[PDB]
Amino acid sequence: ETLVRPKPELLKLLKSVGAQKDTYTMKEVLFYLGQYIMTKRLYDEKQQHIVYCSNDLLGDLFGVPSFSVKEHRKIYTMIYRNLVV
């Protein structure tokens, strides 16, 4: 129940999968981000923890062409670099 405020690019990402608010729980931020990635089918078929985000708004937010969903800290770090504070 800590609410965070996505900076504009993160917000745009959330809004492309139906997000309506200015603020969000982290669980919400991940929810939408998870949906975007399933939706756009960005995960690797065989190795489904691999996400290819080069050439995508998600790539702009993250600053990498790919990442593993096992790199928990890395992912939360990207998000937390993209919050109004």
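Numbering starts at 1 and follows the sequence shown.
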Using only C-alpha atoms and the B-factors in the entry, which stretch averages higher, 22-30 or 43-51? 43-51
Sorting the chain's modelled residues by C-alpha B-factor, tell me whether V4 ends up in the lowest, middle or highest third. lowest
Looking at the entry's B-factor column for C-alpha atoms only, identify whether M38 ranks in the lowest, middle or highest third of its chain. highest
For the chain shown, is the CA B-factor of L10 in the lowest, middle or highest third of its modelled residues? middle
B-factor third for the C-alpha atom of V17 within its chain: lowest
